[PDB]
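Asker: Just dropping this structure here.
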Amino acid sequence: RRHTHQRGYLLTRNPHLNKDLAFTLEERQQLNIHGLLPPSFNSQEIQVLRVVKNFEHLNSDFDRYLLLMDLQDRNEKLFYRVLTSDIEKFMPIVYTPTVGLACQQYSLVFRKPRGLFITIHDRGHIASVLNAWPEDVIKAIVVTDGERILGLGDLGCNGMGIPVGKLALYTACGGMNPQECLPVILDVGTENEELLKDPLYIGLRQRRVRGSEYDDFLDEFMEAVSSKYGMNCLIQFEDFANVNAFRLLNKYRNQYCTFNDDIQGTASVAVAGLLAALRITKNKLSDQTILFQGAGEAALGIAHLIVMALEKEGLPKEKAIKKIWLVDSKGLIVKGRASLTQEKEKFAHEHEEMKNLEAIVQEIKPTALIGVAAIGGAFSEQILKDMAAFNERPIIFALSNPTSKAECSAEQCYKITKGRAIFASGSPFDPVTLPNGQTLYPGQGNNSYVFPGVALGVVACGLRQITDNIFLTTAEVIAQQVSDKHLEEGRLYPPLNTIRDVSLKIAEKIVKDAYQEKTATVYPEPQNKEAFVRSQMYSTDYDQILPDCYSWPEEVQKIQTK
Amino acid sequence: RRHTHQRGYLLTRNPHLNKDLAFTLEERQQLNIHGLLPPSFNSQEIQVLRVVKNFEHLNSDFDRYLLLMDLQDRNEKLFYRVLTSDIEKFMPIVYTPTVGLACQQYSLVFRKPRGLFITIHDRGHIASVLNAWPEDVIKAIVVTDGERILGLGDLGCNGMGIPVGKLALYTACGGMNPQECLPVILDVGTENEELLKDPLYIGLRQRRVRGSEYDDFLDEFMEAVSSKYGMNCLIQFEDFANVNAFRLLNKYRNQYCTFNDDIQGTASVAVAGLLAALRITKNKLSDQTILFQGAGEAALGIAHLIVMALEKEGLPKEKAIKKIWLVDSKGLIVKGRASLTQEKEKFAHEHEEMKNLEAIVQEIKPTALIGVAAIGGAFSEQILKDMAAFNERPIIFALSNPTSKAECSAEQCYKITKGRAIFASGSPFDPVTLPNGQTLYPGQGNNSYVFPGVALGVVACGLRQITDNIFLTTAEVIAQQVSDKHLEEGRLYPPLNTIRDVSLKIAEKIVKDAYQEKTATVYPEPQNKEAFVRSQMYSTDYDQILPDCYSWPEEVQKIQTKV
Amino acid sequence: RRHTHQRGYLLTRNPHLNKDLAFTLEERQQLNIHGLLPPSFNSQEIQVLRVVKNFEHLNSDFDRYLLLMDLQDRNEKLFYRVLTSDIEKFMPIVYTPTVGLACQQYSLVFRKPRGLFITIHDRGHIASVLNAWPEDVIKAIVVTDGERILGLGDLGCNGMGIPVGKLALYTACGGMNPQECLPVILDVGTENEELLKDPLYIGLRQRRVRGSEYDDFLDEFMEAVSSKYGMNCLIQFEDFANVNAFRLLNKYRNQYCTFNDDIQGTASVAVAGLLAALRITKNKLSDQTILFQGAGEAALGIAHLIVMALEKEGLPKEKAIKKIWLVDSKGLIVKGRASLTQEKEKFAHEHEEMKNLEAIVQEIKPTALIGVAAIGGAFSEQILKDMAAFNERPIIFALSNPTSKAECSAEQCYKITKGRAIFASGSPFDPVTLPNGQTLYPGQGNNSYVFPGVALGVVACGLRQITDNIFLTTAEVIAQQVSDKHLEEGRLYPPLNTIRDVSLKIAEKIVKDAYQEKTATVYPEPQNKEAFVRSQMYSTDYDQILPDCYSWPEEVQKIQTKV
């Protein structure tokens, strides 16, 4: 498969090529590294066994995170192999919630750097900074400025842990080629006083640059990235602040192959949970009344994709909007209220101002209650009783992370609703057995269901713009993977260990549709779309890097002597 | 200083050149790595402040060891800067006793390989295995076959941790250039069934090769190494089995620049402690009567070096021998006894056989009692009581490790001998306070006092052979560094935190002597030997690696054009 | 512009980066090469002054060719700067006709290899041979199997000189980036016994493989190339045998971005000359009656493209065909005759057989007489006399090469036709002066007018297919660049020294048309097509290769320390 001119000691320092003890004797000798390794030869399975044994001997998830990061920086194939050996187990270590703790400690435990750092002071030279990255083919970028790491706020340059972790799941869950992936942090300063005082802070020790200077900096970054890597290069924004998140997305989405996972990714997984839920309530989306606790990026993204799902049912915009209510820290969003943004006003219905959520549930009497504001215990005992009275099967999504910030637990919800609640969360909960002897298994509205498959699909068929329809259709694909049996068990999402298959089926729909409606740019069009996607999916198998040896007929192979 | 052609990402992957955040902006830009690092610039001391802070959050010496090995494999300069920032703290983490536990878990915790692995199956091809090592200039090699890791037994290919750890001290304590150091393991197999059934064992899964197949294999190793790196390249044996260690040493020491630390290194440090003690007993070494508990590599080496010291005073070989007595697992070593060897018989005096150590002490009535048999509490209350009766100031060396294998504690030794005992150990004991107000600070007979300075000295002056006299003279230098005050405080060795300077003064003597005795091969002869050695010592300061920029007169610098 | 990680000696060995004495002092120091070059610094024009001076001291075009190839393999920028400094002078040295003589001596004079060699014995492994080429981005390939080097025959693997030479013109005349160009030879053997007995022959010493083994081998080549470099990669066939050239073209032209220059390139340039001539005859192409001497790759290609031009005027396919007549070695091509082919029969009109060219002319009474059969003096005094009688301004193209194979000279053509003939040739003739005071400057139908501009155009807009209409439109563009003044001077083509701009205006049209007709694959669509193409054109100015240096505010640039 592969060819390389790199040899000797330096080869072992390249994590894309390094196989450690998986190198055969033949390989070692041919590559000039025989003697640099112990005289044992391991299958990949033995390599995993060793890593897992070290993994289980550690006493915290943080130490486990550090282990797996070292492994990535040493042997890329073995890293992803381990991740895919038990994806449910290793996802929450390399990504949320553990990665968040890593970001908090990032300046302290900073050792082997990952990704690319671009500062405001590199303005007018971003192109030159990109040239420090040793990979010339990039198809997927995750970028953050570190101002709103989910539930942790502004961590500045320390937020670099997020793109790295996220891309690890691009590859592990979606089969994206990691060498074609680029983590990026945009350091324009920070408003975190603790980091401004920390002598170990690895980022710019300055306040955040705002206004036009920041806007132009972002413009240059979009230009630099697309100019070098091509307009087909996917560019995903992550953990920007509310205002800049929406502003940047609307500005770039119709000229660049870009999207924001916090807004659009969360929207897709949240909607997927609803469609799956409708198969239990056996009613339609138009029969629903949706109450959001939270009116941030996720809430507005979800609500927007809910509207589009209603339009798909034929229901026009102005009527679809009226079924959706949002609440923030100042109270319910209503017409004429102070402290409102453009994106909030479009859900500001004429209604008496309200502040207390308990009262709001009792007034609105919604069918679906979706929490994303990270208010731990917001769905109090009275909330759940009320919901269980207003609806036969109340839909309760407590998507806030981590568990300490969850709106309610699974036990707490099923207990009080006496088993009739339709439940999903963002943090994981153990199954719950009821007095009737029935057991429920609430699922996780994990964003990982969405972005890997989308990114694989977009990149595979060469889609140049990512429309809201991609995410709506993606949500449908996820809901389709849920069996009626899973629903009867209380699961609203596919099992986590099937995440790679989900990602595949998501990407297939995109590719199939893209060639159908002529939005694809990759040609010639493949006969089989399913096989076409698989062909581009990263394998955890070690590639051969030895040169292809083959002979010629001796007559023309002989050395001439005259 | 140095100029490198390496650039970009691969440069950051070189631990010899990589400075991490110590790279200035200019450097990052000129080296094509700007953007690969966070936008902060740290001094070296700040980098230290980051590592130590990570270090303190760890709950075991093993995890501490792992942190430092990671650092070594990332940024060599910073590693050594951390090591030298508190040598007494970090020495027992990277080397004994922690490195021993690391060797046990080596196959489990194996990640970034260090050093060079050579196997009996590479027989006839050792020269080519050497070429896999990316440094062409080697001045110091440490080699083991893992058969007798001290106190831990046969750990086979997992013994690679020892050479690596020891060379960290060559550099940290002796200023040896780490790029010029080569850790080697010779894997001929292992008799450890525990590793032979461990699916994660990184070594050869076979029994140890013995006899002529092994002997011939070592002969090629010495040939290949001396051929490639030159005859002046220092080759130190470590943790070989008892019989092999002696056989190989006598076979190679006259032709190759080689020595065994377990034997010759331990001998030098033990003798140094005695010379120091003489300044307390205020008598000479010819007045002493030495009893050894143990008759292995260390004991016989120490015993041999005491004779040399005695010969230096004026005694012949025969008389000096009779002042030394050995005991092993089968009892006292005397003429006629069964189960004797070549070096043991050399000390087998005509005497009735004995086995009980108390009785042996009572009979011989020795001045100095030395223990190196790793038998905890061997120096009983009775033995200490007897020694304190036969002598005003009995010399007691409990050199075995770790503390659990120490012949006695400093607490029980001083107490029973009523504060009169002159005590040293291999493991570290806290100070002991006497009822008379005095506090005694028993020192530690670390091998690290010896091998770094010797290696630096031998290499700097290009000495081709390492004689016993190098070690005797080294022992003198070490004792000379102990002040009269330290002796009255009960210290037989200088403070470990001054190990750097001790290594220097050792290397100095070797160089001075070698040029005077005409045994040095490095020329021209330097005028100042002190400054000469210092110039050869590794610094933990970051080297400049940018290209030398400098202008020329504008007249001849200008671009010529059509005119 | 670009940033390279290559440094020191190896950097000087890269002809894409090496500037020789144009390296400033700063560059030399920063690139770690200071001292490897003499202490002088030259501008690019001085470097030119050195090469040309060496150039002029040579006594043969062959030695001149060698000098320039050495330069190419040393310093790519300077090579092309020299080439473009007098394109009319250097074109016939690096490409036809000198490159032909080089191909003959190629095995003898073989030194620094250029391009990529792929053999029938690499069948099944072509993809891996491709990986040996150090450039991963390829936008233009020129391939030959050496079977029919124009006028020279089967030179086998010695034909590698042609792709190499032609691509030098892609870059020099068209601004193609040479790092993105790949010369290829397909060695399937040779029928040249002279090379088969030459012990110095660098190719396979075997007979040519034919049939399905050859057909399948080409199929893999196109697959491997399109797979690795993308379907948008331009693949130009050159100097293939007659039957293969047509078969492969019709087989691949619809699926791959490919074209044959000998057929389609020559057709475009020939048609361009006719369009120019029409502005002198002041009639339309449908009024013409064309007689070809020759019925090979060039003739049939030209003939096919004339029909397309006629179809564009308003005629159907059938009527336009009857205005064209072909003659080959067996005589006139008519319905019923033996020894006909697929493309020849397409022009086989119902007519009595003929063989004598004078009689053929007398019968058909053509307006345009075109020769491409490489038969010197075929246009006899009688033929020229007849043409000047049948026509007021007879169009005479003697396109064969070299001069010794020219159907007639400009001197004898103008003279006999009494200065009324409209004349063009493939070889260059000096101006001819008429008795009426007028001097005529007969132009040259070089293929170099066509392929560079086309290739630039196709690649810049990502065109997947190359239609006949690209070549017709190109022919129009070329003729449009000839002024009325030039036509009255007797020139049917623009000055060769303006080939750069001609290639630009060709590429422009292709791009403009492709975006309008929706055949382009490069997006976003540029607003200014002219500036777009210029931005893609290779410059002979040295690129900056030093790293971008720039400071940050002192506050955040400073090294943080313990405070």
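Numbers in chain B track Swiss-Prot; the residues on display, in order, are 8-570.
Using N, Cα and C of the backbone, Cβ positions are placed for all residues, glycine too.
Grabbed the feature section from Swiss-Prot, which reads as follows:
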ACT_SITE  B:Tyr102  active site, proton donor
ACT_SITE  B:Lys173  active site, proton acceptor
BINDING   B:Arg155, B:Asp269, B:301-318, B:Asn408  NADP(+) binding site
BINDING   B:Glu245, B:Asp246, B:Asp269  divalent metal cation binding site
MOD_RES   B:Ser336  phosphoserine
SITE      B:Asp269  site 'Important for activity'
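In terms of burial and nearby residues, how do these features look in this structure?
Answerer: According to DSSP, B:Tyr102 (active site, proton donor) is assigned to coil rather than to any helix or strand.
B:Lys173 (active site, proton acceptor) counts 26 other C-beta atoms within 10 Å of its own C-beta, drawing on all protein chains shown.
Listed in sequence order, the residues of the same chain lying 6 or more apart from B:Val314 (NADP(+) binding site) and placing their CB within less than 8 Å of its CB are B:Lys324, B:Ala327, B:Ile328, B:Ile331.
The secondary structure of B:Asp246 (divalent metal cation binding site), as reduced to three states from DSSP, is coil rather than helix or strand.
Close to B:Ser336 (phosphoserine) in the fold, though at least 6 residues off in sequence, lie B:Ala380, each with a CB less than 8 Å from its CB. According to DSSP, B:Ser336 (phosphoserine) sits in a coil region rather than a helix or strand.
Remark: B:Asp269 (divalent metal cation binding site) has B:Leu157, B:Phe244, B:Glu245, B:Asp246, B:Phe247, B:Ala252, B:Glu304, B:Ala305, B:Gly308 as non-local neighbours, by Cβ distance under 8 Å and separation of at least 6 in sequence.
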Asker: Please report how many Å separate the Cα atom of B:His311 (NADP(+) binding site) from that of B:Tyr102 (active site, proton donor), as a whole number.
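Answerer: Here the two Cα atoms are 26 Å apart.
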Asker: Taking chain A as the partner, extract the recorded positions from B:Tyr102, B:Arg155, B:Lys173, B:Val314, B:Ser336 whose Cβ is under 8 Å from a partner Cβ; order them by sequence and answer 'none' if none remain.
Answerer: none
Asker: Between the Cα atoms of B:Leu317 (NADP(+) binding site) and B:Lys173 (active site, proton acceptor), what distance do you get, rounded to the nearest Å?
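Answerer: Their Cα atoms are separated by 31 Å.
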Asker: Can you list the residues of the same chain, besides B:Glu245, B:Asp246, B:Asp269, whose Cβ falls within 8 Å of the divalent metal cation site's Cβ centroid?
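Answerer: Going along the sequence, the neighbours come out as B:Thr151, B:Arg155, B:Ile156, B:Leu157, B:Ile169, B:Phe244, B:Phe247, B:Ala252, B:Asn267, B:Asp268, B:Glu304.
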Asker: Just to confirm: which same-chain residues, 6+ apart in sequence, have a Cβ under 8 Å from the Cβ of B:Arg155 (NADP(+) binding site)?
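Answerer: Listed in sequence order, they are B:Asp161, B:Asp246, B:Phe247, B:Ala248, B:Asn249, B:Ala252.
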Asker: Taking the Cβ of B:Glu245 (divalent metal cation binding site) as the centre, how many other Cβ atoms fall within a 10 Å radius?
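Answerer: Summing over all protein chains shown, B:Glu245 (divalent metal cation binding site) has 26 other Cβ atoms within 10 Å.
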Asker: Using a 10 Å cut-off on Cβ-Cβ distances across all protein chains shown, tell me which of the binding-site residues (B:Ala302, B:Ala305, B:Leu317) has the largest neighbour count.
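Answerer: Output for this query is B:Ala305.
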Asker: Can you tell me the CA-to-CA distance separating B:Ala302 (NADP(+) binding site) and B:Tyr102 (active site, proton donor), as a whole number of Å?
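Answerer: Counting only the Cα atoms, the answer is 25 Å.
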Asker: When DSSP states are folded down to helix, strand and coil, where does B:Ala302 (NADP(+) binding site) land?
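Answerer: Reduced to three states, the DSSP call for B:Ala302 (NADP(+) binding site) is coil.
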Asker: Can you grab the distance from B:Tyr102 (active site, proton donor) over to B:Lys173 (active site, proton acceptor)? Cα atoms, rounded to a whole Å.
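Answerer: Spelling it out, the Cα of B:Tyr102 (active site, proton donor) and the Cα of B:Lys173 (active site, proton acceptor) are 6 Å apart.
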Asker: Including all protein chains shown, what's the count of other C-beta atoms within 10 A of the C-beta of B:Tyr102 (active site, proton donor)?
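Answerer: Cβ-Cβ neighbours of B:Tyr102 (active site, proton donor) within 10 Å number 24.
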Asker: Which number gives the other C-beta atoms within 10 angstroms of the C-beta of B:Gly308 (NADP(+) binding site), all protein chains shown included?
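Answerer: B:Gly308 (NADP(+) binding site): 28 neighbouring Cβ atoms within 10 Å.
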